[PDB]
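Shown next, in structure tokens, is the structure this report addresses.
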Amino acid sequence: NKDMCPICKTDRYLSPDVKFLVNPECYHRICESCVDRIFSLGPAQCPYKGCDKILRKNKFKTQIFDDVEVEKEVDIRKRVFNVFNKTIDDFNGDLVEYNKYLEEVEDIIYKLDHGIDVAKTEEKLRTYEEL
Amino acid sequence: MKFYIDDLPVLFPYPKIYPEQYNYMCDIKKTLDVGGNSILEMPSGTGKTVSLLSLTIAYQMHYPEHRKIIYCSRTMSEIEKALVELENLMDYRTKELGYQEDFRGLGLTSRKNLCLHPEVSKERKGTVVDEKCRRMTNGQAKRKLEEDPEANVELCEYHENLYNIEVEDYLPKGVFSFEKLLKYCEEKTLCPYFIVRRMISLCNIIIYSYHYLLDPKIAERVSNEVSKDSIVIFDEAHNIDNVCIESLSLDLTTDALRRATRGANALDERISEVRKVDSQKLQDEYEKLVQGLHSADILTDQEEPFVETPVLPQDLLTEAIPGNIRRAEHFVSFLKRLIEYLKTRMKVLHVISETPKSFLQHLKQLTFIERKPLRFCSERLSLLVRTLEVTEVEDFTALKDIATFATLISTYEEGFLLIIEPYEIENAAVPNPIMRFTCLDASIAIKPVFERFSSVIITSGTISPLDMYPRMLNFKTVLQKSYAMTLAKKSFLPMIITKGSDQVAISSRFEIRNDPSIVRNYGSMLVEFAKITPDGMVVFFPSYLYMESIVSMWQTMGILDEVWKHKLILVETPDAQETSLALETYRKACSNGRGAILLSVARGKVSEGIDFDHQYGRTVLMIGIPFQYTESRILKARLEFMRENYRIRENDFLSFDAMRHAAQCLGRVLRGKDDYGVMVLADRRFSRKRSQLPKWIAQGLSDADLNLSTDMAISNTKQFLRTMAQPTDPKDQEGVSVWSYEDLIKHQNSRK
Amino acid sequence: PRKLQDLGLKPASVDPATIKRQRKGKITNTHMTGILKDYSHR
Amino acid sequence: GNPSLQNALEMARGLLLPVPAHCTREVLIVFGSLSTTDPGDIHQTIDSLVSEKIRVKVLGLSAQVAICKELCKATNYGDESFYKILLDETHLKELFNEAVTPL
Amino acid sequence: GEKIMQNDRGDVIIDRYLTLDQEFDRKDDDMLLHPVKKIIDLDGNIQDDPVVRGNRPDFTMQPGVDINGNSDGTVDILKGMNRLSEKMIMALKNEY
Ligand code: SF4
Ligand SMILES: [Zn+2]
Ligand SMILES: [Zn+2]
Ligand SMILES: [Zn+2]
């Protein structure tokens, strides 16, 4: 539910203390109380049923956008744009090559968003950030 | 008659001429010989339109340049009235010259007003009419039916018949009003809209509204076809700034954002299905965007973009798509995260007044969306919708709203302001947030018009003060002057009513609208005026909610029951069709002598364009000064911009706008100097605003009438209506109020 | 009804009634005893 | 009560029906109200009066009513001078004495 | 033309016709609605620019609403008196 935390099962109505805490590894509607419950002792697996991804308490954050897919796309764009930051001044005014660079960075962002080529793109971005 | 001004022969279609008309032709001819912009205010009632048309047609024919005439009016009804006057003028010119010269005159309006298609005729929205006509006339339907004759898609036969005949053979030479053009195109089974839209380059004069010159969503196609040295006439241009602001404004609601999310999801499903079926129809578009071709190159001339260009074409970027939105899925994700950012900005508990630059910086730092990809949002969305070949477009209208918002707030940063109000209306229990992107500078929309055309004739019957508009709109006037009519007898008797019968001061402030004393005074005044007015009455209110409250409590207190004994009561409904039925009912009841009263908003639909001549006027009962809602954020932002950029005081601007709305309400009662009618103004605050009236109304307003109560106003109205019910002396008006040809010759010889 | 607001939940109950609540003179016109009528109101 | 110009004109039409063709058919209306209520359309009655060669002269009391002006203009062959409005006592007497002359 | 309020009792026999009276009001708009001349075509004035998307008019330029945003019914009496005026005028348009 967009209003209710499935892990602790508490409504917004009679308990307005819950918060929209999400995890970049796996985006789950989990309140701050459940986060301070489970992951304060240590890293654990995702309390959502059907998911078992490891996750950390300090990596938790609140979701800015209502849509989960848009939020993860923006987070992936943040994780790419920090190292992928060539500008038109980096290209010495070459507009066509800058547009090709924009196409390439949007394509690798899309690939990381859908996970179709996650291994090769991840290796490429590691090799790019090592410079 | 036929007469000469300098070396220009003028064929006036009347045997008699008003002196103010001749001075009007003299001033326009001086302006056109000099070649500058001008603001000319004839009094209403005199034949402003016939004078403009007569002199401009004479100038176009006799002078060899044959400069095109762009008669920009404010409403479609006034366009039709100008077309009727032009038809009468050309009939007179054909009669006098003995032949019909090579001449083309057409009126331009939307598809809804010019759709003879029996299927798409009963649609109540112009947008669905446009989308259905585009669906039947994009050429995609034509080529689909050509390749597949058994395809279920159909074509509009009115559009298809235009392919048989040439552009110059669409209509016979002459002037076609909307009724005559509709009748002719119904007889010949042709589309009048596409006939008008293709003959713009061929018309000697084309008459359209201000939206077809100021709003770039539709003026982009029109302004290319018109000549760049044409004579431009702005008729009734006293509210041209409202059209300029409305051209570059947009309001976004949370329902619009929800429909935008739904449309983005539908677009993602459609692009996924097309990619599953055929990726070539996307690959060719992608490589064309790589080459740098824009929407105008990709789209053919006979089709139109799905999202109209919401900004000035001079402000559009010429370089190619940046590439962040070049791929279809990349642009879909870009649009989706932009809509989600707008939803995030929508959720707030107070009002934010932020510049476009601050909004763009916040959007960039929170979403990594830059300004340059946003500047291509409308063009890219239109190209994507074209290449997707979607049959239905109802789910992508909110996408049009989002693209319009994105292009508007990316291209424009100066003179604009974004207002996010947590409460759209304060009366609602649940909050309904709204995002308003308003245009603070009215000169932005009209700036390319003055650049393109050297000579622009700004004209309204009730434009005052004249110097306010060159400060408001950045243009220079070679000459500006306001005429006062010369009358044998005082044809109109204005008065300012500052108090009721019991000397209780009367006002129409929105906070005191529930006062029983003021409402009782207004009701007694209206009852007495309905008792003493012969033919009809028109009543103007500052706002529609003020009308709703005061009429509801009038019917509660039984005032309207007394009104029903004399005149039929008709109220301007928010529905335009019911308002038109009420207006024609009012005209019918004034014609047969039943007597009727019309309650209208002083800033509403009836106040613009609709005239009340002779029997349809006879009294303009103005309930209060039509001030705007002062604490609305858009108005306050515009007032601050006017104060900071043009040193115009906020109270001065509010008084000017309210007084010009009042003046255009008063100007509708007169047509011809034989016409008469009183102008009563029921507020205590008109009394200081006598100088802010137009010059001719100020001349008609005596100093003793500035602080009347109800009773002596009624007595003066009775004496006035008894006075000019008498037949006027022809010797008293033979050469002082109206001129014959000999009087015009005598005045011409006396001037030199 | 006054501690639900202390916890954030809106009460539908107003606070109860426990917290904070609130001659014949002589006659001279003896010839019309009963003809005149009493008027304690206008 | 509330006057009815259409009922008065219809009854005048009925009364002037047996009038011979040599005798001129005229209707003098001393109309005082500014609004009138008609059971049906009054323009049909105006057209019927024009077709029957009936000339209507209306002496108004308060102001210039548009339907009376139109009726006087149509019934007097485009003449707008048959709608007379008084000014005072003497003007009323002059207007009454103006109607004894044959049109 | 009075504003109807739910606190009034009405009459239970007569009030059964209220829905059918609204049906008659809907039917009255059928033969009253007809195309008008372009001189007074106020419907086409707002349809002259069909793609205009300017600032939404405020609550002063709009009919009144309740606390819930629903219509308060004061426009209903305006439509009723306009319908009454139209009915009086169209009653003259007959063979009489
Ligand atoms: S082509 Fe003309 S008649 Fe046919 S649908 Fe379009 S606007 Fe209507
Ligand atoms: Zn929880
Ligand atoms: Zn998980
Ligand atoms: Zn106590």
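Naming works like this for the structure tokens: A, B, ... for the chains as they're shown, residue 1 at the start of each chain, ligands 1 onward in shown order.
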
Checklist entry - Quick one: residues within 8 Å of ligand 1, with only C-alpha atoms and all ligand atoms, as a VMD selection string? => result chain B and resid 111 to 112 114 to 117 120 to 121 129 to 130 132 to 134 136 to 137 156 to 160 190 to 194

Selected residues written out, N, CA, C and O atoms, as an mmCIF file, in the first residue's frame:
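This is the output file result.cif:
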data_model
loop_
_atom_site.group_PDB
_atom_site.id
_atom_site.type_symbol
_atom_site.label_atom_id
_atom_site.label_comp_id
_atom_site.auth_asym_id
_atom_site.auth_seq_id
_atom_site.Cartn_x
_atom_site.Cartn_y
_atom_site.Cartn_z
ATOM 1 N N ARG B 111 -12.023 25.676 -36.467
ATOM 2 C CA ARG B 111 -12.759 24.647 -37.191
ATOM 3 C C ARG B 111 -14.178 24.495 -36.671
ATOM 4 O O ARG B 111 -15.078 24.155 -37.443
ATOM 5 N N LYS B 112 -14.392 24.738 -35.374
ATOM 6 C CA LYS B 112 -15.711 24.543 -34.778
ATOM 7 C C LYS B 112 -16.736 25.498 -35.377
ATOM 8 O O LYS B 112 -17.898 25.128 -35.582
ATOM 9 N N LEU B 114 -16.564 26.667 -38.415
ATOM 10 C CA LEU B 114 -16.577 26.495 -39.860
ATOM 11 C C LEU B 114 -16.545 25.022 -40.233
ATOM 12 O O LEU B 114 -15.877 24.621 -41.189
ATOM 13 N N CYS B 115 -17.252 24.185 -39.483
ATOM 14 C CA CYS B 115 -17.330 22.759 -39.781
ATOM 15 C C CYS B 115 -18.713 22.456 -40.335
ATOM 16 O O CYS B 115 -19.708 22.509 -39.604
ATOM 17 N N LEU B 116 -18.770 22.134 -41.620
ATOM 18 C CA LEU B 116 -19.997 21.684 -42.254
ATOM 19 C C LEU B 116 -20.127 20.170 -42.256
ATOM 20 O O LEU B 116 -21.084 19.646 -42.834
ATOM 21 N N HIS B 117 -19.192 19.468 -41.636
ATOM 22 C CA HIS B 117 -19.253 18.017 -41.574
ATOM 23 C C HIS B 117 -20.389 17.596 -40.654
ATOM 24 O O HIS B 117 -20.420 18.022 -39.493
ATOM 25 N N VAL B 120 -18.938 15.341 -37.226
ATOM 26 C CA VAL B 120 -18.276 16.168 -36.203
ATOM 27 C C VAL B 120 -18.861 17.574 -36.332
ATOM 28 O O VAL B 120 -18.262 18.519 -36.847
ATOM 29 N N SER B 121 -20.061 17.721 -35.819
ATOM 30 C CA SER B 121 -20.702 19.024 -35.717
ATOM 31 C C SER B 121 -21.267 19.282 -34.333
ATOM 32 O O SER B 121 -21.231 20.419 -33.858
ATOM 33 N N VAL B 129 -13.103 18.612 -32.035
ATOM 34 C CA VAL B 129 -13.397 18.911 -33.434
ATOM 35 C C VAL B 129 -12.108 18.999 -34.239
ATOM 36 O O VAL B 129 -12.003 18.433 -35.336
ATOM 37 N N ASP B 130 -11.101 19.687 -33.692
ATOM 38 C CA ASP B 130 -9.807 19.775 -34.359
ATOM 39 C C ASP B 130 -9.160 18.407 -34.499
ATOM 40 O O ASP B 130 -8.613 18.082 -35.557
ATOM 41 N N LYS B 132 -10.629 15.446 -34.571
ATOM 42 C CA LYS B 132 -11.355 14.592 -35.505
ATOM 43 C C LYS B 132 -11.118 15.025 -36.946
ATOM 44 O O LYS B 132 -10.943 14.178 -37.832
ATOM 45 N N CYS B 133 -11.103 16.338 -37.198
ATOM 46 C CA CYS B 133 -10.800 16.822 -38.539
ATOM 47 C C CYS B 133 -9.372 16.476 -38.938
ATOM 48 O O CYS B 133 -9.114 16.115 -40.089
ATOM 49 N N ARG B 134 -8.431 16.569 -37.993
ATOM 50 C CA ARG B 134 -7.060 16.159 -38.266
ATOM 51 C C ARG B 134 -6.976 14.665 -38.536
ATOM 52 O O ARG B 134 -6.248 14.235 -39.434
ATOM 53 N N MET B 136 -9.273 12.834 -39.858
ATOM 54 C CA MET B 136 -9.821 12.588 -41.180
ATOM 55 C C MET B 136 -9.061 13.299 -42.295
ATOM 56 O O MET B 136 -9.268 12.966 -43.466
ATOM 57 N N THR B 137 -8.191 14.269 -41.976
ATOM 58 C CA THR B 137 -7.502 15.049 -43.004
ATOM 59 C C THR B 137 -5.998 15.164 -42.762
ATOM 60 O O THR B 137 -5.379 16.113 -43.252
ATOM 61 N N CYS B 156 -13.157 13.322 -45.032
ATOM 62 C CA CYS B 156 -14.144 14.393 -45.060
ATOM 63 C C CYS B 156 -14.323 14.870 -46.493
ATOM 64 O O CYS B 156 -13.377 15.377 -47.104
ATOM 65 N N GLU B 157 -15.539 14.713 -47.022
ATOM 66 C CA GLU B 157 -15.795 15.046 -48.420
ATOM 67 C C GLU B 157 -15.671 16.540 -48.683
ATOM 68 O O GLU B 157 -15.324 16.940 -49.800
ATOM 69 N N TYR B 158 -15.941 17.373 -47.674
ATOM 70 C CA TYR B 158 -15.744 18.810 -47.821
ATOM 71 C C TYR B 158 -14.272 19.138 -48.034
ATOM 72 O O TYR B 158 -13.932 20.020 -48.830
ATOM 73 N N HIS B 159 -13.387 18.440 -47.325
ATOM 74 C CA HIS B 159 -11.959 18.619 -47.547
ATOM 75 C C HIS B 159 -11.526 18.008 -48.873
ATOM 76 O O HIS B 159 -10.645 18.548 -49.552
ATOM 77 N N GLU B 160 -12.136 16.884 -49.258
ATOM 78 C CA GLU B 160 -11.708 16.189 -50.466
ATOM 79 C C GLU B 160 -12.124 16.929 -51.730
ATOM 80 O O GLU B 160 -11.436 16.835 -52.752
ATOM 81 N N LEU B 190 -18.088 22.103 -49.660
ATOM 82 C CA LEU B 190 -16.690 22.430 -49.429
ATOM 83 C C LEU B 190 -16.488 22.773 -47.961
ATOM 84 O O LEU B 190 -17.428 23.137 -47.251
ATOM 85 N N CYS B 191 -15.243 22.649 -47.507
ATOM 86 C CA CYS B 191 -14.893 23.029 -46.145
ATOM 87 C C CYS B 191 -14.543 24.507 -46.100
ATOM 88 O O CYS B 191 -13.557 24.915 -46.724
ATOM 89 N N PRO B 192 -15.312 25.338 -45.390
ATOM 90 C CA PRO B 192 -14.967 26.765 -45.319
ATOM 91 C C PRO B 192 -13.680 27.040 -44.564
ATOM 92 O O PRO B 192 -12.990 28.016 -44.887
ATOM 93 N N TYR B 193 -13.334 26.209 -43.576
ATOM 94 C CA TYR B 193 -12.131 26.445 -42.784
ATOM 95 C C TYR B 193 -10.876 26.321 -43.637
ATOM 96 O O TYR B 193 -10.022 27.213 -43.634
ATOM 97 N N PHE B 194 -10.753 25.223 -44.381
ATOM 98 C CA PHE B 194 -9.577 25.038 -45.220
ATOM 99 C C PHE B 194 -9.588 25.960 -46.427
ATOM 100 O O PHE B 194 -8.523 26.233 -46.991
#

Please return as a tab-separated table (two decimals) with N, CA and C atoms, in the first residue's frame the residues found within 8 Å of ligand 2, counting only C-alpha atoms and all ligand atoms.
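Ended up saving to pocket03.tsv:
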chain	number	residue	atom	x	y	z
A	4	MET	N	0.42	2.45	3.81
A	4	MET	CA	0.57	1.53	4.93
A	4	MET	C	1.83	0.71	4.75
A	5	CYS	N	2.49	0.39	5.88
A	5	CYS	CA	3.76	-0.32	5.88
A	5	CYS	C	3.52	-1.81	6.05
A	6	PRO	N	3.73	-2.63	5.01
A	6	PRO	CA	3.40	-4.06	5.12
A	6	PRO	C	4.26	-4.82	6.13
A	7	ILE	N	5.45	-4.33	6.46
A	7	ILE	CA	6.34	-5.08	7.34
A	7	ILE	C	5.83	-5.03	8.78
A	8	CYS	N	5.48	-3.84	9.26
A	8	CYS	CA	5.00	-3.67	10.63
A	8	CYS	C	3.49	-3.64	10.72
A	9	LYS	N	2.79	-3.45	9.60
A	9	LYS	CA	1.33	-3.43	9.51
A	9	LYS	C	0.73	-2.36	10.42
A	10	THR	N	1.04	-1.11	10.10
A	10	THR	CA	0.51	0.04	10.83
A	10	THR	C	-0.04	1.06	9.85
A	18	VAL	N	4.72	6.76	10.88
A	18	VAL	CA	5.43	6.00	9.85
A	18	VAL	C	5.95	6.96	8.78
A	30	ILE	N	8.71	0.68	3.56
A	30	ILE	CA	9.02	0.24	4.91
A	30	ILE	C	9.18	1.48	5.78
A	31	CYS	N	8.55	1.46	6.96
A	31	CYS	CA	8.57	2.64	7.80
A	31	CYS	C	9.91	2.77	8.52
A	32	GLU	N	10.09	3.91	9.18
A	32	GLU	CA	11.31	4.14	9.94
A	32	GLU	C	11.40	3.23	11.16
A	33	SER	N	10.25	2.87	11.74
A	33	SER	CA	10.26	1.98	12.90
A	33	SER	C	10.78	0.59	12.55
A	34	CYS	N	10.34	0.04	11.41
A	34	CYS	CA	10.84	-1.26	10.98
A	34	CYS	C	12.31	-1.20	10.60
A	35	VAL	N	12.75	-0.09	10.02
A	35	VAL	CA	14.16	0.07	9.66
A	35	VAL	C	15.03	0.11	10.91

Checklist entry - What lies within 8 Å of residue 56 in chain D using only C-alpha atoms, ignoring chain neighbours under 3 positions off, as number ranges by chain? => result D: 26-29, 71-72, 75-76, 82

Those residues you just picked out, can you put them in a file as a PDB file, in the first residue's frame with N, CA, C and O atoms?
ATOM      1  N   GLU D  26     -57.832  54.088 -39.732  1.00  0.00           N
ATOM      2  CA  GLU D  26     -56.808  54.652 -38.870  1.00  0.00           C
ATOM      3  C   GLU D  26     -57.039  54.206 -37.435  1.00  0.00           C
ATOM      4  O   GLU D  26     -58.174  53.972 -37.015  1.00  0.00           O
ATOM      5  N   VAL D  27     -55.947  54.074 -36.688  1.00  0.00           N
ATOM      6  CA  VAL D  27     -55.991  53.685 -35.284  1.00  0.00           C
ATOM      7  C   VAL D  27     -55.173  54.691 -34.490  1.00  0.00           C
ATOM      8  O   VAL D  27     -53.987  54.892 -34.773  1.00  0.00           O
ATOM      9  N   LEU D  28     -55.799  55.319 -33.501  1.00  0.00           N
ATOM     10  CA  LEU D  28     -55.122  56.238 -32.599  1.00  0.00           C
ATOM     11  C   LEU D  28     -54.970  55.559 -31.247  1.00  0.00           C
ATOM     12  O   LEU D  28     -55.965  55.144 -30.644  1.00  0.00           O
ATOM     13  N   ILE D  29     -53.734  55.446 -30.776  1.00  0.00           N
ATOM     14  CA  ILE D  29     -53.432  54.772 -29.520  1.00  0.00           C
ATOM     15  C   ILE D  29     -52.867  55.802 -28.557  1.00  0.00           C
ATOM     16  O   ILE D  29     -51.830  56.415 -28.834  1.00  0.00           O
ATOM     17  N   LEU D  71     -44.262  50.009 -35.069  1.00  0.00           N
ATOM     18  CA  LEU D  71     -45.628  49.902 -35.566  1.00  0.00           C
ATOM     19  C   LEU D  71     -46.041  51.150 -36.335  1.00  0.00           C
ATOM     20  O   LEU D  71     -46.656  51.051 -37.405  1.00  0.00           O
ATOM     21  N   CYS D  72     -45.698  52.332 -35.818  1.00  0.00           N
ATOM     22  CA  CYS D  72     -46.010  53.572 -36.520  1.00  0.00           C
ATOM     23  C   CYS D  72     -45.210  53.699 -37.808  1.00  0.00           C
ATOM     24  O   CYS D  72     -45.714  54.223 -38.806  1.00  0.00           O
ATOM     25  N   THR D  75     -46.796  50.951 -40.321  1.00  0.00           N
ATOM     26  CA  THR D  75     -48.165  51.214 -40.738  1.00  0.00           C
ATOM     27  C   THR D  75     -48.329  52.532 -41.480  1.00  0.00           C
ATOM     28  O   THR D  75     -49.374  52.744 -42.101  1.00  0.00           O
ATOM     29  N   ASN D  76     -47.337  53.420 -41.435  1.00  0.00           N
ATOM     30  CA  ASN D  76     -47.407  54.700 -42.125  1.00  0.00           C
ATOM     31  C   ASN D  76     -46.388  54.797 -43.252  1.00  0.00           C
ATOM     32  O   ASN D  76     -45.937  55.895 -43.589  1.00  0.00           O
ATOM     33  N   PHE D  82     -45.196  59.628 -36.927  1.00  0.00           N
ATOM     34  CA  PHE D  82     -46.513  59.335 -36.384  1.00  0.00           C
ATOM     35  C   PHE D  82     -46.464  58.805 -34.959  1.00  0.00           C
ATOM     36  O   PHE D  82     -47.516  58.499 -34.390  1.00  0.00           O
TER      37      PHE D  82
END

Item to check | Contacts of range 53-65 of chain E within 8 Å, only C-alpha atoms, excl. fewer than 5 positions in-chain, as a PyMOL selection string | outcome: (chain B and resi 245-251+425+427-428+436-438+543-546+548+574+629+632) or (chain E and resi 70-72+74-75)

Hey, which residues sit close to ligand 3? Say within 10 Å, counting only C-alpha atoms and all ligand atoms, and write them as an mmCIF file with N, CA, C and O atoms, in the first residue's frame.
data_model
loop_
_atom_site.group_PDB
_atom_site.id
_atom_site.type_symbol
_atom_site.label_atom_id
_atom_site.label_comp_id
_atom_site.auth_asym_id
_atom_site.auth_seq_id
_atom_site.Cartn_x
_atom_site.Cartn_y
_atom_site.Cartn_z
ATOM 1 N N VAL A 22 12.847 4.134 1.901
ATOM 2 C CA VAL A 22 13.080 3.184 0.822
ATOM 3 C C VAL A 22 14.571 2.893 0.735
ATOM 4 O O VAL A 22 15.407 3.628 1.264
ATOM 5 N N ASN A 23 14.895 1.802 0.047
ATOM 6 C CA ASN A 23 16.261 1.348 -0.109
ATOM 7 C C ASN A 23 16.647 1.376 -1.582
ATOM 8 O O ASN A 23 15.880 0.889 -2.424
ATOM 9 N N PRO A 24 17.796 1.959 -1.936
ATOM 10 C CA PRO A 24 18.228 1.948 -3.345
ATOM 11 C C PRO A 24 18.444 0.562 -3.928
ATOM 12 O O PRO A 24 18.258 0.381 -5.137
ATOM 13 N N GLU A 25 18.850 -0.418 -3.119
ATOM 14 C CA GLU A 25 19.034 -1.769 -3.642
ATOM 15 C C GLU A 25 17.697 -2.401 -4.011
ATOM 16 O O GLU A 25 17.551 -2.986 -5.090
ATOM 17 N N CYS A 26 16.706 -2.281 -3.133
ATOM 18 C CA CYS A 26 15.364 -2.780 -3.404
ATOM 19 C C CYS A 26 14.367 -1.813 -2.792
ATOM 20 O O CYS A 26 14.325 -1.656 -1.568
ATOM 21 N N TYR A 27 13.563 -1.178 -3.635
ATOM 22 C CA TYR A 27 12.679 -0.108 -3.190
ATOM 23 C C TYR A 27 11.432 -0.720 -2.569
ATOM 24 O O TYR A 27 10.617 -1.334 -3.264
ATOM 25 N N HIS A 28 11.291 -0.556 -1.259
ATOM 26 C CA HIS A 28 10.203 -1.150 -0.502
ATOM 27 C C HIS A 28 9.565 -0.098 0.391
ATOM 28 O O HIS A 28 10.262 0.729 0.987
ATOM 29 N N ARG A 29 8.239 -0.134 0.481
ATOM 30 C CA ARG A 29 7.530 0.711 1.431
ATOM 31 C C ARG A 29 7.732 0.145 2.831
ATOM 32 O O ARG A 29 7.041 -0.793 3.238
ATOM 33 N N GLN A 45 18.424 -9.265 5.261
ATOM 34 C CA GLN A 45 17.749 -9.429 3.984
ATOM 35 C C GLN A 45 16.425 -8.670 3.986
ATOM 36 O O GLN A 45 15.927 -8.246 5.033
ATOM 37 N N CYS A 46 15.869 -8.487 2.793
ATOM 38 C CA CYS A 46 14.707 -7.618 2.615
ATOM 39 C C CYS A 46 13.472 -8.221 3.269
ATOM 40 O O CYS A 46 13.065 -9.330 2.900
ATOM 41 N N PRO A 47 12.833 -7.527 4.215
ATOM 42 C CA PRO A 47 11.683 -8.115 4.922
ATOM 43 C C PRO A 47 10.450 -8.307 4.054
ATOM 44 O O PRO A 47 9.508 -8.976 4.501
ATOM 45 N N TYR A 48 10.413 -7.731 2.855
ATOM 46 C CA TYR A 48 9.357 -8.051 1.905
ATOM 47 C C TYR A 48 9.433 -9.517 1.501
ATOM 48 O O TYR A 48 10.518 -10.055 1.255
ATOM 49 N N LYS A 49 8.273 -10.165 1.451
ATOM 50 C CA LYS A 49 8.210 -11.561 1.047
ATOM 51 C C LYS A 49 8.573 -11.704 -0.424
ATOM 52 O O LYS A 49 8.181 -10.888 -1.261
ATOM 53 N N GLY A 50 9.331 -12.751 -0.736
ATOM 54 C CA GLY A 50 9.809 -12.973 -2.080
ATOM 55 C C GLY A 50 11.096 -12.259 -2.426
ATOM 56 O O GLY A 50 11.613 -12.453 -3.533
ATOM 57 N N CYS A 51 11.634 -11.446 -1.520
ATOM 58 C CA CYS A 51 12.901 -10.765 -1.737
ATOM 59 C C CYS A 51 13.838 -11.064 -0.578
ATOM 60 O O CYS A 51 13.409 -11.137 0.576
ATOM 61 N N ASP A 52 15.121 -11.235 -0.898
ATOM 62 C CA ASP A 52 16.123 -11.582 0.101
ATOM 63 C C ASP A 52 17.428 -10.829 -0.128
ATOM 64 O O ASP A 52 18.503 -11.323 0.230
ATOM 65 N N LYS A 53 17.355 -9.645 -0.728
ATOM 66 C CA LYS A 53 18.559 -8.873 -1.000
ATOM 67 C C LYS A 53 19.123 -8.278 0.283
ATOM 68 O O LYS A 53 18.381 -7.798 1.145
ATOM 69 N N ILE A 54 20.451 -8.321 0.408
ATOM 70 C CA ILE A 54 21.124 -7.711 1.546
ATOM 71 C C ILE A 54 21.018 -6.194 1.435
ATOM 72 O O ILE A 54 21.002 -5.632 0.330
ATOM 73 N N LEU A 55 20.888 -5.524 2.578
ATOM 74 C CA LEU A 55 20.718 -4.076 2.586
ATOM 75 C C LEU A 55 21.145 -3.516 3.936
ATOM 76 O O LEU A 55 21.099 -4.210 4.955
#

Cut-off 6 Å: closest chain B/chain D atom pairs per residue, using only C-alpha atoms, as a Markdown table:
| residue | atom | partner | partner_atom | distance |
| --- | --- | --- | --- | --- |
| B:534 | CA | D:34 | CA | 4.6 |
| B:535 | CA | D:65 | CA | 5.9 |
| B:592 | CA | D:67 | CA | 5.3 |
| B:593 | CA | D:67 | CA | 4.9 |
| B:594 | CA | D:36 | CA | 5.1 |
| B:595 | CA | D:35 | CA | 5.5 |
| B:721 | CA | D:63 | CA | 5.5 |
| B:722 | CA | D:63 | CA | 5.2 |
| B:725 | CA | D:64 | CA | 5.1 |

Checklist entry - Taking only C-alpha atoms into account, which residues of chain A are within 8 Å of chain B, as a PyMOL selection string? => result chain A and resi 64-67+70+74+77-78+99-100+102-103+106-107+110

Next on the checklist: Let's see if you can do this: from backbone DSSP, list all strand (DSSP E) residues in range 7-115 of chain A, as a PyMOL selection string.
Outcome noted: chain A and resi 21-22+44-45+54-55+61-62

Checklist entry - Got a sec to pull out which chain E residues are within 12 Å of chain D, counting only C-alpha atoms, and send them as a PyMOL selection string? => result chain E and resi 88-96

Convert the current residue selection to file output with N, CA and C atoms, as a tab-separated table (two decimals), in the first residue's frame.
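And here's part-v3.tsv as it stands now:
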chain	number	residue	atom	x	y	z
E	88	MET	N	-41.74	32.17	-22.17
E	88	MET	CA	-42.67	33.27	-22.43
E	88	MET	C	-42.48	33.82	-23.84
E	89	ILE	N	-41.23	33.95	-24.27
E	89	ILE	CA	-40.96	34.48	-25.61
E	89	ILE	C	-41.37	33.48	-26.68
E	90	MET	N	-41.03	32.20	-26.51
E	90	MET	CA	-41.38	31.22	-27.54
E	90	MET	C	-42.86	30.90	-27.55
E	91	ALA	N	-43.59	31.23	-26.48
E	91	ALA	CA	-45.04	31.09	-26.51
E	91	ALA	C	-45.67	32.06	-27.51
E	92	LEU	N	-45.02	33.21	-27.74
E	92	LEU	CA	-45.51	34.13	-28.76
E	92	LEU	C	-45.26	33.59	-30.16
E	93	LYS	N	-44.25	32.74	-30.33
E	93	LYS	CA	-43.93	32.15	-31.62
E	93	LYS	C	-44.88	30.98	-31.86
E	94	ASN	N	-46.07	31.29	-32.37
E	94	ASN	CA	-47.05	30.28	-32.71
E	94	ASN	C	-47.88	30.79	-33.88
E	95	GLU	N	-49.02	30.14	-34.13
E	95	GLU	CA	-49.88	30.52	-35.23
E	95	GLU	C	-50.85	31.64	-34.87
E	96	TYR	N	-50.88	32.06	-33.61
E	96	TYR	CA	-51.78	33.13	-33.18
E	96	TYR	C	-51.29	34.49	-33.65

Item to check | Protein and nucleic residues near ligand 4, 9 Å, only C-alpha atoms and all ligand atoms, as an MDAnalysis selection string | outcome: chainID C and resid 19:22

Next on the checklist: Residues near residue 21 in chain D, anyone? I mean within 12 Å using only C-alpha atoms, not counting same-chain ones fewer than 6 positions away, as a PyMOL selection string.
Outcome noted: chain D and resi 52-54
